[PDB]
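With CSV, C-alpha atoms and all ligand atoms inside, this is my_file_28.csv:
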chain,number,residue,atom,x,y,z
V,1,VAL,CA,53.0,32.1,-160.1
V,2,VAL,CA,54.9,34.4,-162.3
V,3,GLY,CA,53.5,37.9,-162.5
V,4,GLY,CA,51.2,37.4,-159.5
V,5,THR,CA,50.1,39.6,-156.7
V,6,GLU,CA,49.8,38.5,-153.0
V,7,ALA,CA,46.4,37.1,-152.4
V,8,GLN,CA,44.4,38.4,-149.5
V,9,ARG,CA,44.4,35.7,-146.8
V,10,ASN,CA,40.8,34.9,-147.0
V,11,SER,CA,40.3,35.1,-150.7
V,12,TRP,CA,41.0,31.5,-151.6
V,13,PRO,CA,40.2,29.4,-148.5
V,14,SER,CA,40.1,26.1,-150.4
V,15,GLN,CA,43.8,26.4,-151.5
V,16,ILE,CA,46.1,24.0,-149.7
V,17,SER,CA,49.9,23.5,-149.6
V,18,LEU,CA,51.0,19.9,-150.3
V,19,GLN,CA,54.3,19.3,-148.6
V,20,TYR,CA,56.7,16.4,-148.2
V,21,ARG,CA,59.0,15.5,-145.3
V,22,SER,CA,62.6,16.4,-145.9
V,23,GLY,CA,64.9,15.8,-143.1
V,24,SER,CA,63.6,17.4,-139.9
V,25,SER,CA,61.5,19.8,-142.0
V,26,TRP,CA,58.7,20.0,-144.6
V,27,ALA,CA,59.0,21.3,-148.1
V,28,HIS,CA,56.1,22.7,-150.2
V,29,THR,CA,55.8,20.8,-153.5
V,30,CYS,CA,52.4,21.5,-154.9
V,31,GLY,CA,49.0,23.1,-154.5
V,32,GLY,CA,45.7,21.4,-154.0
V,33,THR,CA,42.0,22.2,-153.4
V,34,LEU,CA,40.1,21.1,-150.2
V,35,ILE,CA,37.0,19.4,-151.6
V,36,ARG,CA,35.7,17.7,-148.4
V,37,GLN,CA,36.8,18.2,-144.8
V,38,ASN,CA,39.0,15.1,-145.3
V,39,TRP,CA,39.7,15.2,-149.0
V,40,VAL,CA,42.0,17.2,-151.2
V,41,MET,CA,42.1,17.3,-155.0
V,42,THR,CA,45.5,17.7,-156.6
V,43,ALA,CA,47.5,16.7,-159.6
V,44,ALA,CA,48.6,13.1,-160.0
V,45,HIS,CA,52.1,14.1,-160.9
V,46,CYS,CA,52.4,15.8,-157.6
V,47,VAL,CA,52.3,12.4,-155.9
V,48,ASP,CA,54.4,10.4,-158.3
V,49,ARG,CA,57.3,10.3,-155.7
V,50,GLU,CA,57.1,7.9,-152.8
V,51,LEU,CA,57.3,10.6,-150.2
V,52,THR,CA,55.6,11.3,-146.8
V,53,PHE,CA,53.1,14.0,-147.6
V,54,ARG,CA,51.1,16.4,-145.5
V,55,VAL,CA,48.5,19.0,-146.3
V,56,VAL,CA,48.4,22.5,-144.8
V,57,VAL,CA,45.1,24.3,-144.8
V,58,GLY,CA,44.8,27.8,-143.6
V,59,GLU,CA,48.2,28.5,-145.0
V,60,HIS,CA,49.2,31.9,-146.3
V,61,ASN,CA,53.0,32.3,-145.8
V,62,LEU,CA,55.1,29.1,-146.1
V,63,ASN,CA,57.8,30.7,-144.1
V,64,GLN,CA,55.9,32.3,-141.2
V,65,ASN,CA,53.3,31.5,-138.6
V,66,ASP,CA,50.0,32.7,-139.9
V,67,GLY,CA,48.1,31.7,-136.8
V,68,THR,CA,45.5,30.0,-139.0
V,69,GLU,CA,47.2,26.8,-140.2
V,70,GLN,CA,46.0,23.2,-139.7
V,71,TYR,CA,48.6,20.6,-140.5
V,72,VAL,CA,47.3,17.1,-141.4
V,73,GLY,CA,48.8,14.0,-142.7
V,74,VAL,CA,47.8,12.3,-145.9
V,75,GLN,CA,46.3,8.9,-145.1
V,76,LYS,CA,45.4,7.6,-148.6
V,77,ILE,CA,46.3,8.6,-152.1
V,78,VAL,CA,44.0,7.7,-155.0
V,79,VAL,CA,45.5,8.6,-158.4
V,80,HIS,CA,43.4,8.6,-161.5
V,81,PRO,CA,43.9,5.0,-162.9
V,82,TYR,CA,44.7,6.2,-166.4
V,83,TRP,CA,47.5,8.6,-165.3
V,84,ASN,CA,50.9,8.0,-166.8
V,85,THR,CA,53.8,10.1,-165.5
V,86,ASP,CA,55.7,10.0,-168.7
V,87,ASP,CA,52.7,11.2,-170.7
V,88,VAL,CA,51.3,14.2,-169.1
V,89,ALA,CA,49.9,15.3,-172.4
V,90,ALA,CA,47.6,12.4,-172.4
V,91,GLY,CA,45.8,13.9,-169.4
V,92,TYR,CA,44.4,12.3,-166.3
V,93,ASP,CA,46.6,14.5,-164.2
V,94,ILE,CA,44.4,14.3,-161.0
V,95,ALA,CA,44.5,12.6,-157.7
V,96,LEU,CA,42.5,12.7,-154.5
V,97,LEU,CA,44.1,12.6,-151.0
V,98,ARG,CA,42.2,11.4,-148.0
V,99,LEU,CA,43.4,13.3,-145.0
V,100,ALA,CA,44.1,11.6,-141.6
V,101,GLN,CA,41.7,14.0,-139.8
V,102,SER,CA,38.8,16.2,-140.9
V,103,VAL,CA,39.9,19.8,-140.9
V,104,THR,CA,37.8,22.5,-139.2
V,105,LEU,CA,36.2,25.1,-141.5
V,106,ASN,CA,36.5,28.8,-141.1
V,107,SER,CA,37.2,31.9,-143.2
V,108,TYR,CA,40.7,30.5,-144.0
V,109,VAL,CA,39.5,26.9,-144.6
V,110,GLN,CA,36.6,26.2,-146.9
V,111,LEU,CA,35.6,23.6,-149.5
V,112,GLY,CA,36.2,24.5,-153.1
V,113,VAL,CA,33.2,24.4,-155.2
V,114,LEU,CA,33.5,22.4,-158.4
V,115,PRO,CA,31.7,23.1,-161.7
V,116,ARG,CA,28.9,21.0,-162.9
V,117,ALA,CA,30.0,18.1,-165.0
V,118,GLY,CA,30.6,19.0,-168.6
V,119,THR,CA,31.0,22.7,-168.1
V,120,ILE,CA,33.3,24.4,-170.6
V,121,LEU,CA,34.2,28.0,-170.3
V,122,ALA,CA,33.9,30.4,-173.2
V,123,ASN,CA,37.2,31.8,-174.6
V,124,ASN,CA,38.7,34.5,-172.5
V,125,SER,CA,36.7,33.7,-169.3
V,126,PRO,CA,38.0,35.4,-166.2
V,127,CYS,CA,40.0,33.2,-163.8
V,128,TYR,CA,42.8,33.4,-161.3
V,129,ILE,CA,45.5,30.9,-160.7
V,130,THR,CA,46.8,30.7,-157.1
V,131,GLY,CA,49.8,29.1,-155.5
V,132,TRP,CA,53.2,29.3,-154.0
V,133,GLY,CA,55.1,28.2,-157.1
V,134,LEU,CA,58.1,29.9,-158.6
V,135,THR,CA,57.8,33.6,-159.2
V,136,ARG,CA,60.0,33.5,-162.2
V,137,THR,CA,61.1,30.8,-164.6
V,138,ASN,CA,64.0,29.0,-162.9
V,139,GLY,CA,63.3,31.2,-159.8
V,140,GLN,CA,62.1,30.4,-156.2
V,141,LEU,CA,58.9,29.6,-154.5
V,142,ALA,CA,56.8,32.5,-153.2
V,143,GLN,CA,56.6,33.0,-149.5
V,144,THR,CA,53.1,34.4,-149.6
V,145,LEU,CA,50.2,32.9,-151.6
V,146,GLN,CA,50.1,34.5,-155.0
V,147,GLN,CA,47.3,35.0,-157.5
V,148,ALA,CA,47.4,35.9,-161.2
V,149,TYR,CA,44.7,36.8,-163.6
V,150,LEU,CA,44.8,34.2,-166.4
V,151,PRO,CA,41.8,34.3,-168.8
V,152,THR,CA,41.0,31.0,-170.5
V,153,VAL,CA,42.1,30.1,-174.0
V,154,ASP,CA,39.6,27.7,-175.5
V,155,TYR,CA,40.4,24.4,-177.0
V,156,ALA,CA,40.3,25.5,-180.6
V,157,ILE,CA,42.9,28.2,-180.0
V,158,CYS,CA,44.9,26.3,-177.4
V,159,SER,CA,45.3,23.3,-179.6
V,160,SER,CA,46.3,25.4,-182.6
V,161,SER,CA,49.9,25.1,-183.9
V,162,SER,CA,51.3,28.3,-182.4
V,163,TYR,CA,49.9,27.4,-179.0
V,164,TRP,CA,50.0,23.8,-177.7
V,165,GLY,CA,49.0,21.8,-180.8
V,166,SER,CA,48.1,18.2,-180.1
V,167,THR,CA,49.5,18.3,-176.6
V,168,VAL,CA,46.3,19.9,-175.3
V,169,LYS,CA,43.2,17.8,-174.9
V,170,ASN,CA,39.6,18.7,-174.4
V,171,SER,CA,40.0,17.3,-170.9
V,172,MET,CA,42.2,20.3,-170.1
V,173,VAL,CA,41.7,24.0,-169.6
V,174,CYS,CA,44.3,26.4,-170.9
V,175,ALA,CA,44.6,29.8,-169.3
V,176,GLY,CA,46.9,32.8,-169.7
V,177,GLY,CA,49.7,32.8,-172.3
V,178,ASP,CA,50.4,36.5,-172.3
V,179,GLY,CA,54.1,36.1,-171.6
V,180,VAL,CA,53.9,37.9,-168.3
V,181,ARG,CA,51.6,35.9,-166.0
V,182,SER,CA,51.5,32.1,-165.5
V,183,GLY,CA,51.7,29.2,-163.3
V,184,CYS,CA,55.2,27.9,-162.5
V,185,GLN,CA,56.8,25.0,-160.7
V,186,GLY,CA,55.2,24.4,-157.3
V,187,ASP,CA,51.8,25.7,-158.5
V,188,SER,CA,50.9,22.2,-159.9
V,189,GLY,CA,48.0,20.6,-158.3
V,190,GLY,CA,46.4,23.8,-157.2
V,191,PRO,CA,43.3,25.5,-158.5
V,192,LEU,CA,42.3,27.6,-161.4
V,193,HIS,CA,39.4,29.6,-160.0
V,194,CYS,CA,36.9,31.0,-162.6
V,195,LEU,CA,34.1,33.4,-162.0
V,196,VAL,CA,30.8,32.2,-163.5
V,197,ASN,CA,27.3,33.6,-162.6
V,198,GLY,CA,28.8,35.5,-159.8
V,199,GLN,CA,30.6,32.6,-158.0
V,200,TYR,CA,34.1,31.3,-158.3
V,201,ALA,CA,34.5,27.6,-158.9
V,202,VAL,CA,37.7,25.5,-159.3
V,203,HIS,CA,37.6,24.7,-163.0
V,204,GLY,CA,41.3,23.6,-163.2
V,205,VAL,CA,44.0,21.6,-161.5
V,206,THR,CA,47.4,23.0,-162.5
V,207,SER,CA,49.1,20.4,-164.6
V,208,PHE,CA,51.9,21.8,-166.9
V,209,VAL,CA,53.8,24.7,-168.4
V,210,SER,CA,56.2,24.7,-171.3
V,211,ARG,CA,59.6,23.1,-170.9
V,212,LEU,CA,60.9,26.4,-172.3
V,213,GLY,CA,59.6,28.4,-169.4
V,214,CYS,CA,56.7,29.3,-167.3
V,215,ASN,CA,55.5,32.7,-168.7
V,216,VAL,CA,56.0,31.9,-172.4
V,217,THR,CA,53.8,33.8,-174.9
V,218,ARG,CA,51.3,31.4,-176.5
V,219,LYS,CA,52.1,28.7,-174.0
V,220,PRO,CA,49.3,29.2,-171.6
V,221,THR,CA,49.3,27.3,-168.3
V,222,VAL,CA,47.5,24.0,-168.8
V,223,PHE,CA,45.1,22.5,-166.2
V,224,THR,CA,43.2,19.3,-165.8
V,225,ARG,CA,39.5,20.2,-166.5
V,226,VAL,CA,37.7,19.5,-163.2
V,227,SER,CA,34.4,19.3,-164.9
V,228,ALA,CA,35.5,16.2,-166.9
V,229,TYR,CA,36.1,14.4,-163.6
V,230,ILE,CA,33.1,15.0,-161.5
V,231,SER,CA,31.9,11.4,-161.7
V,232,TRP,CA,35.4,10.1,-161.0
V,233,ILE,CA,35.8,12.3,-157.9
V,234,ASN,CA,32.4,11.3,-156.6
V,235,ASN,CA,33.1,7.6,-157.2
V,236,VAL,CA,36.4,7.8,-155.4
V,237,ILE,CA,35.0,9.5,-152.3
V,238,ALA,CA,32.0,7.2,-152.2
V,239,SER,CA,34.3,4.1,-152.3
V,240,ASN,CA,36.7,5.4,-149.6
Y,1,CA,CA,52.3,29.8,-142.4
For this file, produce the structure as structure tokens.
Ligand SMILES: [Ca+2]
Amino acid sequence: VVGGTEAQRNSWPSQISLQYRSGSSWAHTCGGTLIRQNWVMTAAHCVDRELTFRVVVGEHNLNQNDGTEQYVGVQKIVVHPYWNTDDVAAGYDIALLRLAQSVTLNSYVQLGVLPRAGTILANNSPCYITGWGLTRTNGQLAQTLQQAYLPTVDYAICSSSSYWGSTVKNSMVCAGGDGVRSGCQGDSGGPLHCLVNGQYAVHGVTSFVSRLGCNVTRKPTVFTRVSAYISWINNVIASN
């Protein structure tokens, strides 16, 4: 997250760190959202590589003992069947991870609430992106979980020529684009939390930013629209 602030440790308890094994250690690669005690929602592109993955819930600082973490292996990966890694613009950037164990819930570890199917946010709706992704274009991962206020940019504006044009689909949410705040590499797969009727819900799964840079004006961060995938999510969980 470029232009973020450090999140309070109990603000976003559904945020997870998706990590891969690298040598004798683990490296953060993506975010995710805990959606059942044994299921995480993330981006399909996060799991394109044939890696050993684990999830950390109750994570705040990637580089220090928080005293709240639970580390759990990924047991099964179910990528959306229409995902194509060389066509992120087509959409379908979503995957579910079944965890090896059911995590224990507490103020640091909670299920993310998803919107009702079909819900589309009005332009300029209030949301926060969260994650450990780069803090500058071509920068480095954050140590502490970051948040940035990224209001939505509706489909009509987001798909206009000076924004994303044809690249954005109605199955996506755009947010931000102010040239200061954005998602960045390593935020992918994590939530866009939007405040509606007094409650935050996870309306987005971080999918892409401009190839030119993270915080590029009129290139808002683009998210998979969770509310387009409610039936898909429920079907996968019911069948697994
Ligand atoms: Ca930690």
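Closest approach to residue 92 (chain V) from the set V:27, V:79, V:47, V:134 is made by V:79, with distances taken over only C-alpha atoms.
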For region 55-70 of chain V, list every protein, DNA or RNA residue within 6 Å, evaluated using only C-alpha atoms, and leave out those in the same chain fewer than 4 positions away; present the list as a VMD selection string. chain V and resid 16 to 18 108 to 109 143 to 145
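Picture a line from CA of residue 5 (chain V) to CA of residue 25 (chain V); it runs 27.2 Å.
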May I have the residues at most 10 Å from (40.8, 13.4, -160.2) in the file's coordinates, counting all atoms listed in the file, as an mmCIF file with C-alpha atoms, in the frame of the given file?
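Saved to selection.cif:
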data_model
loop_
_atom_site.group_PDB
_atom_site.id
_atom_site.type_symbol
_atom_site.label_atom_id
_atom_site.label_comp_id
_atom_site.auth_asym_id
_atom_site.auth_seq_id
_atom_site.Cartn_x
_atom_site.Cartn_y
_atom_site.Cartn_z
ATOM 1 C CA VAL V 40 42.000 17.200 -151.200
ATOM 2 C CA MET V 41 42.100 17.300 -155.000
ATOM 3 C CA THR V 42 45.500 17.700 -156.600
ATOM 4 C CA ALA V 43 47.500 16.700 -159.600
ATOM 5 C CA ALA V 44 48.600 13.100 -160.000
ATOM 6 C CA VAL V 78 44.000 7.700 -155.000
ATOM 7 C CA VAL V 79 45.500 8.600 -158.400
ATOM 8 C CA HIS V 80 43.400 8.600 -161.500
ATOM 9 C CA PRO V 81 43.900 5.000 -162.900
ATOM 10 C CA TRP V 83 47.500 8.600 -165.300
ATOM 11 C CA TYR V 92 44.400 12.300 -166.300
ATOM 12 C CA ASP V 93 46.600 14.500 -164.200
ATOM 13 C CA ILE V 94 44.400 14.300 -161.000
ATOM 14 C CA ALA V 95 44.500 12.600 -157.700
ATOM 15 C CA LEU V 96 42.500 12.700 -154.500
ATOM 16 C CA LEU V 97 44.100 12.600 -151.000
ATOM 17 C CA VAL V 205 44.000 21.600 -161.500
ATOM 18 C CA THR V 224 43.200 19.300 -165.800
ATOM 19 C CA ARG V 225 39.500 20.200 -166.500
ATOM 20 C CA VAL V 226 37.700 19.500 -163.200
ATOM 21 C CA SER V 227 34.400 19.300 -164.900
ATOM 22 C CA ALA V 228 35.500 16.200 -166.900
ATOM 23 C CA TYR V 229 36.100 14.400 -163.600
ATOM 24 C CA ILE V 230 33.100 15.000 -161.500
ATOM 25 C CA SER V 231 31.900 11.400 -161.700
ATOM 26 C CA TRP V 232 35.400 10.100 -161.000
ATOM 27 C CA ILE V 233 35.800 12.300 -157.900
ATOM 28 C CA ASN V 234 32.400 11.300 -156.600
ATOM 29 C CA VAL V 236 36.400 7.800 -155.400
#
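Residues in contact with residue 38 (chain V) at 6 Å, where only C-alpha atoms are counted and same-chain residues fewer than 4 positions away are skipped, are listed as residues 98, 99 and 102 of chain V.
Each of V:89, V:161, V:106, V:28 was checked against ligand CA 1 (chain Y) using only C-alpha atoms and all ligand atoms; the smallest atom-to-atom distance is that of V:28.
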Rank nothing, just name the residue among V:167, V:197, V:188, V:239 nearest to residue 30 (chain V), using all atoms listed in the file. V:188
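Rounded to one decimal, CA of residue 149 (chain V) and CA of residue 221 (chain V) lie 11.6 Å from each other.
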